[PDB]
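# Following this: a sequence and the matching experimental structure.
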Amino acid sequence: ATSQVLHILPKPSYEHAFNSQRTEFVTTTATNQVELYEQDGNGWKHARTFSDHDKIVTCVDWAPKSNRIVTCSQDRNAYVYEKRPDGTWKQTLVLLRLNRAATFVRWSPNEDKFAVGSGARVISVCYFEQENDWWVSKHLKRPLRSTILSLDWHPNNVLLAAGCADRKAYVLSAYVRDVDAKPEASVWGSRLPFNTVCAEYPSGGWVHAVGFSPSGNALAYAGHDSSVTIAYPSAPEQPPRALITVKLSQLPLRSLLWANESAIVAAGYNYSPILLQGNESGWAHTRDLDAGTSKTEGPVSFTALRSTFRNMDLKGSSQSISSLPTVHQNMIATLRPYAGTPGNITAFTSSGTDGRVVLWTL
Amino acid sequence: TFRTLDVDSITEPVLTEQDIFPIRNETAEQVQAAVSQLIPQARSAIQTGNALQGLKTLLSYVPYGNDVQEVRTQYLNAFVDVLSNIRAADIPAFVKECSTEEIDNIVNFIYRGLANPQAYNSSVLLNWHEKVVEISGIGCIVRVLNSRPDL
Amino acid sequence: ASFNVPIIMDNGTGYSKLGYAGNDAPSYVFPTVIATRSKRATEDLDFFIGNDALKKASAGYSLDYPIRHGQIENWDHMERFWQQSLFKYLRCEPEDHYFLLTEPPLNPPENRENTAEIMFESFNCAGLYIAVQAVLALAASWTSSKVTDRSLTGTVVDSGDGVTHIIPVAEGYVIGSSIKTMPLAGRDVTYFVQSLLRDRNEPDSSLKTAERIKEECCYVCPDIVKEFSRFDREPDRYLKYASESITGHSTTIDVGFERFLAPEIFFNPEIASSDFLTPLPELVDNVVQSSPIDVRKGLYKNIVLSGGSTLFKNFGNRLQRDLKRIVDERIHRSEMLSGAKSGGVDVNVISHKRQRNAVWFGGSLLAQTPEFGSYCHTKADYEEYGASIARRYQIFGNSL
Amino acid sequence: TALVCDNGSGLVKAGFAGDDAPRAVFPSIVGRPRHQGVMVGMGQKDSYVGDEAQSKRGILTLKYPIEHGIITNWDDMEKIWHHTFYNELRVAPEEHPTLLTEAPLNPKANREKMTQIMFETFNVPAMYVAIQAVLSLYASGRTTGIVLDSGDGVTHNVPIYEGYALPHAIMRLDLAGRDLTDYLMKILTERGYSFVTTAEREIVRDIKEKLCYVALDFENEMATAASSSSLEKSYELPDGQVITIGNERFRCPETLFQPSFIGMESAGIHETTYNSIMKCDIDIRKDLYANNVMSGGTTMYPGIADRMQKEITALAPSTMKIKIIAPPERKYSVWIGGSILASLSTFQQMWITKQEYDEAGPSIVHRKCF
Amino acid sequence: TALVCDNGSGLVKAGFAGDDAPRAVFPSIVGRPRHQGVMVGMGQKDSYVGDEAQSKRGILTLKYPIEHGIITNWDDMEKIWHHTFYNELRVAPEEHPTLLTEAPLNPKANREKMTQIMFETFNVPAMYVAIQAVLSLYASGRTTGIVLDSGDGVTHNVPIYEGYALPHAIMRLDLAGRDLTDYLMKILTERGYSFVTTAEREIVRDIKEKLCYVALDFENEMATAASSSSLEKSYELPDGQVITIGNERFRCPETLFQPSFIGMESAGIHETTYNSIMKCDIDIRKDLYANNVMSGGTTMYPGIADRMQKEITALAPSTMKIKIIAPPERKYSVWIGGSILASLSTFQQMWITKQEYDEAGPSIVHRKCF
Amino acid sequence: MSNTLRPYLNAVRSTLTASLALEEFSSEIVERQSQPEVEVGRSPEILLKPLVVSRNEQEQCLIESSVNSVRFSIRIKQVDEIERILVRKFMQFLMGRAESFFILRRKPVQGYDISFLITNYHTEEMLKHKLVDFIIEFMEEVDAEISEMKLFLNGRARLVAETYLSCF
Ligand SMILES: Nc1ncnc2c1ncn2[C@@H]1O[C@H](COP(=O)(O)OP(=O)(O)O)[C@@H](O)[C@H]1O
Ligand SMILES: Nc1ncnc2c1ncn2[C@@H]1O[C@H](COP(=O)(O)OP(=O)(O)O)[C@@H](O)[C@H]1O
Ligand SMILES: Nc1ncnc2c1ncn2[C@@H]1O[C@H](COP(=O)(O)OP(=O)(O)O)[C@@H](O)[C@H]1O
Ligand SMILES: [Mg+2]
Ligand SMILES: [Mg+2]
Ligand SMILES: [Mg+2]
């Protein structure tokens, strides 16, 4: 797998999103700001900040077809950003009605609603009313017992998966009338009203990541125990066909993405994207996409003269501290499609706590 | 004065460990009998000089629960005694043939051993820790951090 | 507590005053300075302090003042200064004696913690009281120790070498919300005298010569544009000061407008500093007007002066007249709205025979009290809780 | 940040700690008019400094306040330091610590008046005086070596082993680029050309800086020039008339190797370097020979590093590798190494501070800057 | 496993019992800087010890804490012991019992203070102090013999018969390797080479180790060296300078056979060895003569066992055989024999234990050790 | 120093490096605030089980761990009363500098000699492999540091003895 480092951000990057044309990306720095980056030849340039949040921004997402950015923060708010004709962005506060921080945000596949995970034991499913010119929030709350660490939407607009700090992965209906048309019958159910519970799958550690299969017929999720579990449902009120856990030898995956119906890429505290492959008969960790998993006299500049004396003075010796062998130098926080049709992701991007934004080609 | 009165402990009851970890589907006397069948096999395997099979049989079941400290400490006494009687050259060949669940149980019980040095020899538990982590990787300790508190 | 006399140590920025409770003066008054060297290692034994450190600059020792702007900032040097105070000068055993220490009202929790561990673990004193320093200077103002002579309400203006702070105390309680501090005192007026000798290119501008020109030549005038004009009108206003150099020969210095312009640092601190702007009479007004209404007559009726840098000729009279102007202009604004004359308030600024060392004399008078050993930390408290026992602020309101 | 001011004998070199090179570099000169100032107004001044003196020089007497590394005129040196801070760097000196420099074996009073003027005239917050050859070793990326530094007024050798200087083995020689300029005036007079004024001394300094070089073997070069046109080449004066010179191009620099050409009784710079290595303890000599570091503008001649290596190889035993380190930036190595030092975090504790000077007087420099 | 140290007067030999050779062998030296560090951010240390003191010696004054087998500087000996434990063997001293080693006829205070420091400063679990010559029989596989042990500080004879020592027949001579280095520095001066410093002493020690030998007949060798250059050799200093050496190449080691060369009134090593045999009971002498064991670095000279057999054959009665066992590993035989002794199953009750020390004080060593 | 300490410091290194999988996490009990959850303990689902690594009854680690924070606490070798004094005072100078060693606590947890708190922010703003290298290099050296301090104390006791006893 080829990798290219697109940019190095000055501060940590728990989330990023590209637009549909991959011509700009938005990223959450560790502050209350969000950074918008545009192309600059083969490089990238900081086009503008957003700074409407009061406390640390936790997550950000960019809607492909409708070209809107949604942002979430420890200030308990969300803002939706929409493009004006003159090229500036219109902010819009969304009243999430959360008692604690917003922790994670995702746009729905039809982009008519988004969901915000929280530390408040609830998920704010947010949709727009043209009759009021308001974004309004519905709380999913019945089975959720702790911080929601991650969200994913089923390819049908109704079902929401959630990874939770109570060591469970939930599948919940986020069906909203006068936004959704009725969902088709599925392996998760057919009688599917708001906050109906399709699964409460267990984990060995906090569920950092969740992801539906490209067909929607299975859920992968990743735990803080350094495992990926893949769940194949049977029917409502019935146990799964298979509930396959693969246990990794590395530090935990924080993020997770189906490459196709039979393969998953995952990454996290191991600093490296891994590939898992399988089906309802069994799953295995099959490759590491970073070759760095294998642990792989002339004139001298003023900045080398000065830094070797600063290293002798501040540290033990002149010798510079070496890079980690992986491309990411710190945990890789998010893992997102970049190229190929849905069901056949050909390339994906990652961003990390080291501020690298990196493109990976399978 | 009011500042010190704990209202949160009665107005918002926090999650218990059994809300996070599923309840044990066996009674205290049922697990105490199951371990009391295994400890004599583990002791007997030392006398025949087959301490590797002593661990492989002892490791086939593990006690857990806050209601079973007496039989958990008896199982830990047998576990540290078995690990102390395996030859240090046999460890690499045994660890590579353990399942991920047997490895998870070994690295969990060497951790219970390392917590009490006045009872248990740390020198052999650290030698086992080096070899189990070298062969099976860091994720086996990550599974111990994430493990149940009444193991 | 032990029946042995408590030991009093006021460690100022300029001077340390050392002695025993109940004496008619400190046993020692010498600079808070340490002279330090800059096959067994002994360079931490080789130091000197006080007057004996001033003698060692020609022998290649580096002098330093471990207290600057009122606060201890070198705990190596302050530990060596205290061990040499205890074993050379006071010639005492800490295990037999209770100690009275001092520091400014602002001083960090970290400083009282660091002080307690040196006193209880390095020296192992029987017990320690770290006093609020200008609160002792109120007690030195009494005409005698008898209860009928006490005036438990008064403002105290303390001005030493490093810092000046104005403390309101009423019925013996310190109104900690109303403390004001100006970061300018006797050292900043020396650096200003030194800077003026240096601007004239005078033969000597050593720090001792600028100090001696404060103590002997300087005074507080009514107004610096009138006093600059008096130095045109009258010729004997310029003095001649005879000084002897470090290498041992005579010099003569003309001393001029620094005689009045250098003590003006208290009454116009915009001369000294970019960072502090409020003059001392307005700063004393801000202390009494932030203080509770029923104690304001008592706080103006008894404004006690303290510390060496309040001893300038005419200092208390300039403070009294400028504060009486501020106070009567505020009362007259109210008489002119109401259409009736008030009773006024008398503003009295008090200079007294013990003003030079009022903190030490107060510490001596308060450590003589039969109850004193109950207000100390005992070493048995320190054996349970450690240096955290001294960390909580005494003067200010604490949360928790 | 802190200023670094390498106020040398011939050029002031100045700038900021952590900068790649000095951003102020100008003649260490004050010029004063020597003629009848007849036109009223005209933008005239009582004196001129640096490049302003060097460009007006046809009407000025030029003088350097510093000779042989010693300040001879403090009123003109204050004029130069004022020009560094206010005209050339455009800074308040009261906002910045200043690293100053001097040659070893200077008068004690030079360090004292230099610290006094910095604290009392320029009101500096902090300052330090570094030995110039110790600074030049940081610019080499080295912590052991012998530094041969030669400026305008002084040449010196300082041996350092693993960060320890050997102060008994330090050599000074009051012969450098100004003595070579004076000697070039004395020998240009033999081919037909007289340079006499303080202004004409700057023309022959510019001839020296681009015509002169060091011969690898002086008697062969002297015989090659005596028998061919091939060593001869020319220079154009401000007046547009042309100067041609031959053996004067290598006879001038040879005075560093043969000081008797200017009447001095001293070893040349090669043998003075060897004598400094031989004053050091026997185990350190091998690493000094492998680390001969060249510095200052008088080391900028073509062929001087090849000559220095040839000459030291004849003095040392053949059993070891002599290496001469002559960076192309060695014109500025004292300043470069001052900008390294002034940017180190332990050095932030080594400054003489304003408060500490005010308490101790100018003698504080002798008990803090070594 | 136990630790074993020969804290020799010139080298430390340290390691674990049951190993074939010392794990750590290094100079029994502490070095301190004599110059001032001018360079900021350098790895400047308050003192250096062992191979790091020896490597840096050009800037250090070097001191040995042991002189003549007696610890004269306890602070530098504690630095050396701390270096043996934490830096060289890199084990905590509380974990292993330690076999220390000593010369016979030492001050009783030397062994008590060594015991007190191990139990109270290094907190060792158990320790023992063996005689260096007794260990040299364990290494040699003997239970009968007379050991001539000669290290850096002391030369001694211990006669042993069938495991019994004869402590009245033990001889000490405060003349060994350091006295031969002192004398070689003195007699190098007469060929015009000056070695004076504590670091030049280490160069002269290396000259002695590389080039010196024992001459089988001194007056024939002196006549040979006066007749031709064929006995002369060359050594290259760290400076790359070459020194050439002649009769002083064997006249140095002859001080062992002629102590009057260094001005001391005593018998040479052959006569102290014979006098030690003649102090023994008449029946054991015949077996001691056949079992002369040589040990320590000052017995490593080429020709010394041939000289020693020649001289003992001239002293002893011609009716019986003289044999001298000078093995090639004899440089480490004290440590090798200590590793054997501390490894014996029959030795494990002979250690002084910490619990047995702190009911008796450091005088316990005089009743548990010989 | 690491031949005797090697098995122990390998177990400490491996489990400290497993434990430092930290993350940004805001409080579930207080709004608009984040806290190091290992240090407050008010929400138990984001606490990981506390692990003890031990060489000896006297030489021990406690590793306490959470979604956004690790607390690491150590008992160090103190085999005599001189070492009990020397260790306690050395840890007090080291914890008195805790603002400049950003991962130190200002106080140890009870029954431990020194303690460290590594928070999410330290794993974001510092090289976390160099944080565990500093912890293990501290554990490797502190016994050699303290033993050298009791040599300096012995050397001074000799200085005053020889100075005193030589002026009769
Ligand atoms: N007669 C005086 N007139 C003015 N200032 C004086 C006089 N006598 C002493 N001082 C100054 O008082 C200051 C010392 O006062 P002190 O109360 O001892 O200060 P501190 O307690 O803070 O060390 C010094 O600046 C000293 O020069
Ligand atoms: N290229 C060069 N060739 C020969 N001499 C040079 C060259 N460049 C500079 N110099 C000479 O070096 C001297 C200036 O060197 P510098 O290191 O700046 O001296 P300083 O520090 O003492 O002022 C002048 O004599 C100048 O003519
Ligand atoms: N090959 C040799 N030839 C001659 N002398 C030697 C030789 N090797 C070592 N030495 C001398 O012996 C000393 C070391 O011998 P050693 O037995 O280890 O003495 P010690 O036990 O006293 O330290 C050296 O310092 C040196 O004086
Ligand atoms: Mg004071
Ligand atoms: Mg120069
Ligand atoms: Mg020996």
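That came in fine, so what should we check first? Residues are numbered from 1 along each chain as shown, chains lettered A, B, ... in the order given. Ligands and ions are numbered 1, 2, ... in the order given.
# hang on, residue C:35 in a strand?
Yes. The assignment for residue C:35 (DSSP: H, G, I helix; E, B strand; the rest coil) places it in a strand.
# Hmm, it is touching residue C:63, no?
Yes. At 5.3 Å, residue C:35 counts as touching residue C:63 under the criterion of CB atoms under 8 Å. To be clear about C-beta, it is placed using only N, CA and C from the backbone, and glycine gets the same treatment.
# Now list whatever residues contact both of these two.
When contacts are counted by CB atoms under 8 Å, 6 or more residues apart in numbering or on different chains, residue C:35 and residue C:63 are jointly contacted by C:53-54, C:56-57.
# where's the residue of chain A found nearest ligand 3 relative to ligand 4, distance?
The nearest approach of chain A to ligand 3 comes at residue A:317, 32.0 Å away (CB to the nearest ligand atom). Distance, residue A:317 to ligand 4, using CB to the ion, to the nearest Å: 46 Å.
# got the contact list for that residue?
Contacts for residue A:317 were tallied using CB under 8 Å, 6+ apart; they are A:311, E:43.
# Make sure it is indeed in a helix.
No. Assessed by three-state DSSP, residue A:317 does not belong to a helix; its assignment is coil.
# Which positions within stretch D:193-207 qualify as buried?
Residues of stretch D:193-207 classed as buried by neighbour count (16 or more other CB atoms under 10 Å in any protein chain shown): D:193, D:195, D:198-205, D:207.
# Ok, stretch C:117-128 next?
Buried, per 16+ other CB under 10 Å, within stretch C:117-128: C:117-121, C:123, C:125-128.
# re earlier: secondary structure, neighbour count and distance to ligand 5 for the shared contacts of residue C:35 and residue C:63 - can I get that in a markdown table?
Putting the shared contacts of residue C:35 and residue C:63 into a markdown table (DSSP: H, G, I helix; E, B strand; the rest coil; neighbours: other CB atoms under 10 Å in any protein chain shown; distance: CB to the ion, whole Å) gives the following:
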| residue | secondary structure | neighbour count | distance to ligand 5 |
| --- | --- | --- | --- |
| C:53 | helix | 23 | 40 |
| C:54 | helix | 16 | 39 |
| C:56 | coil | 20 | 37 |
| C:57 | helix | 19 | 33 |
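# before we move on, what SS does residue C:396 have?
Once three-state DSSP is applied, residue C:396 turns out coil.
# Determine the number of other residues adjacent to the residue in chain B that ligand 5 sits nearest to.
Nearest residue of chain B to ligand 5: residue B:138, at 58.5 Å (CB to the ion). Residues near residue B:138, counting by other CB atoms under 10 Å in any protein chain shown, number 20.
# In contact with it, which residues are there?
By CB under 8 Å, 6+ apart, the contact list for residue B:138 reads A:249-251, F:14, F:17-18.
# Can you tell me which of these end up in strands?
Of the contacts of residue B:138, none are assigned to strands by DSSP state E.
# Adding distance to chain B, write those residues out as JSON lines.
Putting these into JSON lines (distance: CB to the nearest CB, whole Å) gives the following:
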{"residue": "A:249", "distance to chain B": "3"}
{"residue": "A:250", "distance to chain B": "6"}
{"residue": "A:251", "distance to chain B": "6"}
{"residue": "F:14", "distance to chain B": "5"}
{"residue": "F:17", "distance to chain B": "7"}
{"residue": "F:18", "distance to chain B": "4"}
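# which of those residues lies closest to chain E?
Chain E lies nearest to residue F:14 out of the contacts of residue B:138, by CB to the nearest CB, at 20.4 Å.
# coming back round to it: of all the buried residues of stretch D:193-207, which comes closest to chain A?
Of all these, residue D:205 has the smallest distance to chain A: 28.2 Å, by CB to the nearest CB.
# Tell me the bridge partners for residue C:251.
For residue C:251, the beta-bridge partners are residue C:243 (DSSP bridges).
# how many neighbours does it have?
With other CB under 10 Å as criterion, residue C:251 counts 14.
# Now do the helices in the stretch 151-300 of chain C.
For the stretch 151-300 of chain C, the helices defined by DSSP state H, counting those that start in this stretch cover C:186-199, C:207-217, C:224-233, C:258-261, C:280-290, C:296-301.
# residue with max distance from the center of chain C?
Largest separation from the mean C-alpha position in chain C: residue C:339, at 43.9 Å (CA atoms, centre = their mean).
# distance of residue C:353 from residue C:144?
Distance, residue C:353 to residue C:144, by CB to CB, to the nearest Å: 12 Å.
# Please give me every residue in contact with residue 35.
You didn't pick a chain, so chain A it is. By CB under 8 Å, 6+ apart, the contact list for residue A:35 reads A:9, A:26-29, A:46, A:49.
# To clarify, I was referring to chain F.
Here residue F:35 is in contact with residue F:27 (CB under 8 Å, 6+ apart).
# secondary structure class for the residue in chain C that ligand 6 sits nearest to?
Residue nearest to ligand 6 within chain C (CB to the ion): residue C:39, separated by 24.5 Å. Reduced to three states with three-state DSSP, the structure at residue C:39 is coil.
# what about it, neighbour count?
Neighbour count of residue C:39, defined by other CB under 10 Å: 11.
# What's the separation between it and residue E:32?
From residue C:39 to residue E:32 the distance is 7 Å (CB to CB).
# Name the residues contacting each of the two.
Contacts common to residue C:39 and residue E:32, judged by CB under 8 Å, 6+ apart, are residue E:63.
# So the closest residue to chain E within chain B, which state does it fall into?
As assessed by CB to the nearest CB, chain E sits closest to residue B:123 within chain B, at 10.8 Å. Under three-state DSSP, residue B:123 falls in the helix class.
# just checking, it touches residue F:6?
No. Counting by CB under 8 Å, residue F:6 is not a contact partner of residue B:123; they are 11.5 Å apart.
# For burial, what's the neighbour tally of whatever residue of the stretch 1-150 of chain C ends up closest to ligand 5?
Closest approach between the stretch 1-150 of chain C and ligand 5, counting by CB to the ion: residue C:38, at 29.0 Å. Number of residues near residue C:38 (other CB under 10 Å) recorded here: 11.
# Please tell me how far it sits from residue D:356.
11 Å.
# How about residue B:129?
55 Å.
# More neighbours: which of these two?
Neighbour totals were compared for residue B:129 and residue D:356, and residue B:129 leads with 26 against 16 (other CB under 10 Å).
# what helix or strand does the more buried one sit in?
Using DSSP states H and E, residue B:129 sits in helix B:122-136.
# so, in contact with chain A or not, that helix?
Yes. On the criterion CB under 8 Å from any CB of the partner chain, helix B:122-136 is in touch with chain A at residue B:136.
# What residues of that helix count as buried?
If you call a residue buried by 16+ other CB under 10 Å, then helix B:122-136 has these buried ones: B:122, B:124-133, B:135-136.
# What of stretch D:261-280?
Here stretch D:261-280 shows D:261, D:267-274, D:276-277, D:280 as buried, counting by 16+ other CB under 10 Å.
# so which of those residues comes closest to chain B?
residue D:280 (49.9 Å).
# The closest one contacts residue D:167, correct?
No. Counting by CB under 8 Å, residue D:280 stays clear of residue D:167, with 11.0 Å between them.
# Provide a list of residues in contact with the residue of chain B found nearest chain A.
With CB to the nearest CB, the shortest gap between chain B and chain A falls at residue B:137, namely 3.1 Å. Shown in contact with residue B:137 (CB under 8 Å, 6+ apart): A:249-250.
# The helix or strand containing residue D:293 and chain E, are they touching?
Residue D:293 belongs to strand D:292-295 when assigned by DSSP H and E. No. Judged by CB under 8 Å from any CB, strand D:292-295 and chain E are separated, with a smallest distance of 13.4 Å.
# who does that strand touch, helix- and strand-wise?
helix D:132-138, strand D:145-150, helix D:304-315, strand D:324-325, helix D:333-341 (3 or more CB pairs under 8 Å, 6 or more residues apart in numbering or on different chains; DSSP states H and E).
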